[PDB]
Structures are given as structure tokens and as C-alpha cells.
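I have placed the structure first, in the form of C-alpha cells, so that the comments after it can refer back to it.
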Amino acid sequence: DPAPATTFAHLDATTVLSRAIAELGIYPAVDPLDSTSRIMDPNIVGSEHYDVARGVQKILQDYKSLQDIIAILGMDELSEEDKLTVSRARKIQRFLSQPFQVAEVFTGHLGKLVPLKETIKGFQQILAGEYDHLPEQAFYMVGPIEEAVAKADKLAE
Amino acid sequence: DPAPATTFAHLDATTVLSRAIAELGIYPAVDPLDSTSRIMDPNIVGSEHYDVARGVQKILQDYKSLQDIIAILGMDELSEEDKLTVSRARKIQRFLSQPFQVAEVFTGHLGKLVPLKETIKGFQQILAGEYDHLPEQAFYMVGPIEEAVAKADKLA
Amino acid sequence: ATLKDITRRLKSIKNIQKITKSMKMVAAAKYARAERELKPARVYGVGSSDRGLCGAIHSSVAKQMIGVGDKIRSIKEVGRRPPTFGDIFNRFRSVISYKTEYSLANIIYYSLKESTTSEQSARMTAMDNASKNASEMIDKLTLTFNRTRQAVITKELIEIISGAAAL
Amino acid sequence: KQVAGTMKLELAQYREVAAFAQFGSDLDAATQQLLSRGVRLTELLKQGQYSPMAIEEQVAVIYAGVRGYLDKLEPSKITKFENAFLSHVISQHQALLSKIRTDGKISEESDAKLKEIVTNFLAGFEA
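Residue numbers (PDB author numbering), protein chains in the order written: chain D, 319 to 475; chain E, 319 to 474; chain G, 1 to 47, 72 to 89, 106 to 115, 129 to 140, 161 to 173, 206 to 272; chain A, 384 to 510.
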């Protein structure tokens with residue numbers, strides 16, 4: 319639409335919200351493959367921040383490029399490293415969600431604020447395979463990665 | 319789209335140049351199955367021109383059907399009829415290529431202008447199986463069917 | 001409905017067409033080996073699998089019905134590699170059709218050699234049909250897309266014309 | 384001109400079979416090869432921002448891919464390989480880079496040089 323389309327060039331960082339994502343219960347409904355920043359640069363954020371960010375987007379883009387396909391052709395017909403990215407991306411998708419302080423009347427969850435290093439670390443860890451044992455839902459609607467671990471214990475019994 | 323739609327109302331034939339065809343070394347790079355003509359009609363061009371063109375089209379259509387079986391079963395699993403269609407179709411593909419006079423400088427090869435009756439005759443005889451004994455590369459970059467014979471004799 | 005919806009649906013079914021055509025090819029090479037491997041193990045015979077997407081292979085034996109093939113327990130590692138002597162069944166007729206101490210192992214191997222010959226034909230056929238259906242759905246959605254393309258352009262122009270004319 | 388033609392062809396051949404990848408375990412070695420060579424040239428086309436290359440640095444990198452030296456190298460390691468490999472040829476083989484420029488192409492002599500630089504480097508890389 320001319321209005322938002324013409325607005326993009328005026329910004330240094332863009333957060334793009336999506337109804338498809340919100341429809342899933344993922345809030346904030348940020349499209350991680352359509353949000354950009356001028357400072358997303360290894361010489362500015364350091365190569366660690368950068369490499370994890372690009373890693374997160376790659377696994378989400380790869381999972382997206384498999385979605386419509388396996389959705390009709392079967393999950394079992396996949397490579398043992400494909401279904402590992404599919405499980406990791408599904409967990410990263412969820413770890414991107416977060417209970418907002420402002421959103422307590424919508425979520426029923428206490429709001430969480432996650433410091434930068436903890437965000438980097440958490441996603442860095444899921445990418446390296448460190449939580450393949452943990453179920454998907456443990457990562458849904460939490461703050462830091464330790465809460466994904468705590469929730470995994472609570473879901474067991 | 320209104321633009322090509324309107325234009326098509328006026329076209330009596332189409333020449334479709336194919337990047338796939340050129341990559342196979344076939345020049346001119348005319349797609350022999352995609353290119354059409356309104357006057358490809360025995361009431362216009364004659365029954366002999368027609369049936370040879372149809373026979374050529376049919377065989378190039380048939381050759382494609384077997385190409386999935388080519389990559390799977392290999393060539394030596396085909397029937398004696400189907401081995402012969404592959405042979406003839408491959409020969410037809412190459413006999414459709416032609417050196418151009420306008421391209422003599424770039425290639426050194428002498429250009430050819432094939433009369434209609436020699437074109438019909440040539441393709442007529444490959445279908446009949448009069449040149450099954452001939453090697454496939456003899457029909458490539460050649461004018462009339464006589465030069466397909468003179469090229470076949472020249473090769474060791 | 002929207003160009004955005006058609007573009008997405010077209011993106012997905014174009015892929016599905018390429019997958020099912022490549023799977024047809026995988027199942028075609030596996031069939032030809034299992035077809036020539038059947039003949040010596042047939043006259044010898046007088047004395072399903074894990075992998076789905078192969079028509080009514082798995083369902084047909086289950087309707088008739106310890107089981108061989110992991111699709112039997114759910115309704129291991131069998132079907133993947135051609136059955137050896139070391140490793161209710163489907164009898165191979167053609168590519169298009171099939172029918173549902207030492208003398209014991211003779212029957213096990215024969216039924217197994219018959220099963221994957223029937224499976225790789227049926228998966229080759231199913232994948233052939235899925236690829237052809239996808240191909241039609243593509244041509245149909247392309248025509249829809251271009252009708253919608255033309256209408257959007259025309260609609261947008263008429264909105265402009267009507268605004269200008271009313272000045 | 385030389386190395387780019389081969390890359391164009393092999394990428395085009397790659398594009399045809401590209402969908403047989405993630406949904407292929409039981410492929411013939413012919414199409415396994417086209418995929419492998421394809422994913423690897425794709426990695427060589429990746430490039431950082433603000434660091435454009437000299438044409439002879441570019442051909443040296445593409446050479447490694449089109450000649451098949453990176454076929455057994457894991458896809459994820461190619462970008463690291465290139466950076467390192469290029470840092471090397473720039474530091475220690477300025478004359479080889481000087482030659483590819485002067486000669487206008489890769490002569491038999493430059494080809495020989497590269498063969499031994501790449502092979503030994505790659506061996507060192509995977510040590």
C-alpha cells in the first residue's frame with residue numbers, strides 16, 4: 319500500500335508485525351524475515367550478535383521453504399538433519415514470543431524483560447542443538463532460556 | 319493480456335526460438351513442437367507436406383515420452399520398434415539444424431538454402447527408415463539430405 | 001482470491017510438482033531393480073514397509089489383517134533397501170496393478218521380494234499421478250492469477266478515472 | 384570469461400536438480416555430484432559487503448570451485464575457506480595474481496601453480 323510502502327525509506331529500524339504470526343498466538347507478532355535494522359552489522363553489534371541473528375533467520379527461512387512442502391508430503395520423508403532444523407526452527411519461532419508487561423491482561427502471564435546477552439545466548443544455544451530434548455511448548459511465551467527449561471520440568475508432571 | 323491477445327488475431331504462424339534448443343547446439347534454435355502455422359493444412363500445403371510434418375511432430379513427441387524411461391531403464395531395454403524411434407527422432411532433430419549463409423564469417427561452414435521439395439523429401443526418408451544405417455551426427459549442420467550422405471561417407 | 005493468496009498457493013504447488021516428479025524418478029529406479037530381481041525369486045518361491077505415499081499398498085493388507109513394516113504397527130527399516138534372504162503380501166501383476206524352519210524362511214523372502222516390487226511400482230504411479238494433478242492445478246491457478254492480475258489493474262484505473270472525471 | 388562459463392553451466396545444471404536435494408537420499412552419483420558442485424559454487428558467490436575483489440582474486444576463488452577442489456569440503460566451511468585461501472594467495476602469491484592479470488587468463492603454468500596451492504592448502508584446512 320502506497321502509505322506504508324513510502325514510509326519504509328524514512329526509518330533506520332523497521333519492526334514488521336504480521337496477522338499470520340499473531341493468528342498463531344505468537345506475540346509480539348514480529349515477522350523475523352521482514353524486520354530490518356541499519357545497525358544489524360557485525361562491525362557495530364559484534365560478530366557474535368550478528369552471526370546468531372543470521373543463523374536464526376536462516377533456520378526460519380529454511381523451515382519456511384519446507385513448510386508448504388512437507389505439509390502434504392509427510393514429515394517422515396525427511397532427512398535426519400532436516401527434521402532437526404524443523405524442530406529447532408519451531409522452537410526458535412516460540413522463543414521469539416514473549417510475555418509483555420503491558421500485555422498482562424491479554425496473556426495471563428507476568429511480563430518479562432530479557433537483557434541482550436541472555437537473548438543472544440538463548441538463541442545461540444537452541445541453534446547448537448543444546449535443547450533438542452526439550453519439547454516445543456517449553457519455549458512458548460517465556461522470557462530467558464532458563465524459563466524454557468523450568469517450564470519443561472513443569473510440563474512433565 | 320489484451321496486447322498479445324489482439325496481436326494473435328492477426329498471426330498466421332509463430333516461430334519460437336528456444337534457449338533449450340540452442341544449448342543442444344541446434345541452429346536455428348527453432349522449437350519444432352512449439353512453433354505453429356495456420357497453413358499447416360493439407361488443403362493449403364498438400365497432403366504430402368502435411369503428413370511428413372505430422373510424422374515429424376509425432377516422432378519428436380514420442381521421443382520425449384521415452385526420455386523418462388531413458389534415464390531409468392537405459393537405452394538397451396527398449397523394444398525393437400522403440401529403439402528405432404529414438405534413433406530416427408535423434409536424426410530428425412539434427413537434420414532440422416541448418417548452416418546459415420549469413421553466419422559463414424563466424425563459422426567458416428558454407429551456408430545452405432534448402433528448397434521445399436528437398437526438405438520434404440529429406441525428412442520423408444528418415445521416417446521411412448532409409449537412413450537408419452547412417453550415423454546420427456551425419457545429419458547435423460547439413461543442408462539437403464544428399465549432404466547428410468556425403469558427410470556420413472566422409473567419416474572414417 | 002487476492003493476488004497475494006494466489007502467489008502463495010502457486011509457490012507451494014509448483015514445488016510439490018517438482019518433488020513428486022523427483023520421487024517418481026527415485027521410485028522408478030528402485031522398481032526396475034526389484035522387477036528384474038523378482039524373476040529368479042519367483043519360480044524359487046514354489047519351494072509392506074515403513075515408507076508411505078504408494079497408493080493402497082499398506083491399507084489393502086491391513087484390511088485383510106506380529107507384522108513386517110512399520111506402517112503395519114502404526115495402522129522397522131524395511132522397504133528402504135531391497136530385501137535379501139538375510140531379511161499377507163502384495164503380489165505384483167504390472168506397474169498399474171497388484172493383488173493382496207527353512208520352508209518358513211522361503212515364504213518370508215518370497216513375500217518380501219514381491220512386496221517392494223509392488224510398492225515401488227505403486228509409489229512410482231502415485232507420484233506420477235500427484236505430479237500430473239499438481240501440474241493441472243498450476244495451469245489453473247496461473248489462469249486465475251492472470252484474470253485477477255488484469256482485474257486489479259482495470260479496477261485501479263477505473264477508480265482513478267472516476268475521481269478525475271468528477272472534478 | 385574462462386572460469387565463468389563453467390560456473391554458469393554447472394549452476395544451471397544445479398538449478399534443474401536443486402529440488403532433489405532435501406528430498407533425496409537414494410540419488411544416483413551423477414545427480415549427487417551436480418548437487419554437491421552446485422551448493423559449493425553457490426557458497427563461492429556469497430560475498431561480504433564493502434570488500435569488492437580484483438578480477439584475478441575472483442577467478443582464483445572460482446577456480447577452486449569449478450575445478451572441484453571444494454567438493455568434499457562441508458558447505459558451511461566454504462566461506463571460511465575462501466577468506467583464508469584468498470588472504471593466503473594475496474599475502475604469498477602476489478606474482479601468481481600478477482600473472483593471471485598480465486597473461487589475461489590462466490596459463491598452463493598458472494594452472495599448475497594453483498593446483499598445488501589449493502590442494503596443499505585444503506589439506507592443511509581440514510587437518
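Here a beta-carbon is modelled for each residue, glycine too, at the ideal position from N, C-alpha and C.
Three-state secondary structure (DSSP) at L38/G?
Coil at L38/G, not helix or strand.
In chain A, which residues lie less than 7 Å from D400/D when you measure between Cβ atoms?
The contacting residues are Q405.
Would you call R254/G buried or exposed, if buried means 16 or more other Cβ atoms sit within 10 Å of its Cβ?
Answer is exposed; the Cβ neighbour count stays below 16.
Which partner residues of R164/G appear in the DSSP bridge assignment?
Answer is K172/G.
Name, in chain order, the residues that DSSP records as bridge partners for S355/E.
Answer by DSSP bridge pairing, in chain order: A331/E.
Could you give the DSSP three-state label for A27/G: helix, strand or coil?
The answer is helix: DSSP assigns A27/G an H, G or I state.
Could you check what DSSP says for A510/A in three-state terms: helix, strand or coil?
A510/A falls in the coil class under three-state DSSP.
Assuming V348/D and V334/D form a contact by the criterion Cβ under 8 Å, report the distance between their Cβ atoms to the nearest whole angstrom.
That pair is a contact at about 7 Å.
DSSP on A389/D, reduced to helix/strand/coil?
DSSP places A389/D in helix when its eight states are reduced to three.
To which residues of the same chain is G109/G closer than 7 Å at the C-beta, ignoring the five residues directly before and after it?
For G109/G, where only same-chain residues beyond five positions count, the Cβ hits under 7 Å are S72, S73, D74, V131, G132.
Within its chain, find whatever has a CB closer than 7 Å to the CB of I461/A; leave out the 5 residues flanking it on each side and keep chain order.
Within the same chain, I461/A has close Cβ partners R423, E426, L427, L453.
When DSSP builds the beta bridges, which residues end up paired with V348/E?
Its beta-bridge partners are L335/E.
Taking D380/E and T403/E to be in contact with their CB atoms under 8 Å, please state how far apart those CB atoms are, rounded to whole angstroms.
Their Cβ separation, rounded to whole angstroms, is 6 Å, which keeps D380/E and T403/E in contact under 8 Å.
Short check: CB of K430/D to CB of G461/D, under 9 Å?
A contact, by the Cβ cut-off of 9 Å.
Answer yes or no: do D411/A and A29/G have a C-beta to C-beta separation smaller than 9 Å?
Going by C-beta atoms, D411/A is nearer than 9 Å to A29/G.
Under 9 Å, do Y345/E and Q416/E count as touching if we go by C-beta distance?
Contact: yes.
Output yes if chain G places a C-beta closer than 9 Å to the C-beta of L396/E; else output no.
By this cut-off, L396/E is not an interface position.
So who's on the other strand from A80/G, going by DSSP bridges?
Answer by DSSP bridge pairing, in chain order: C78/G.
Comparing the C-beta of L77/G with each C-beta of chain D, is any distance below 9 Å?
By this cut-off, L77/G is an interface position.
Please identify the residue among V432/D, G447/D, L445/D whose C-alpha is closest to the C-alpha of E464/D.
Residue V432/D is the option with its Cα nearest to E464/D.
Can you confirm whether the segment 229-242 of chain G touches the segment 9-26 of chain G when touching is taken to mean that 3 or more C-beta pairs between the two stretches lie within less than 8 Å?
Result yes; three or more Cβ-Cβ pairs closer than 8 Å.
Please compile the residues from chain A whose C-beta is within a distance smaller than 9 Å of the C-beta of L384/D.
Simply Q405.
Helix, strand or coil for residue 477/E? Go by DSSP, reduced to three states.
There is simply no residue 477/E to check, as chain E begins at 319 and stops at 474 in what is shown.
What's the gap between the Cα of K218/G and the Cα of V400/A?
For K218/G and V400/A, the distance between alpha carbons rounds to 31 Å.
For the segment 362-393 of chain E, enumerate the residues whose C-beta is nearer than 8 Å to any C-beta of chain G, in chain order.
For the segment 362-393 of chain E, which is checked against every Cβ of chain G, the residues closer than 8 Å are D386, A389, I390, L391.
If we cut at 9 Å on Cβ distances, does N238/G have a partner in chain A?
Answer no: the Cβ-Cβ gap between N238/G and chain A never drops below 9 Å.
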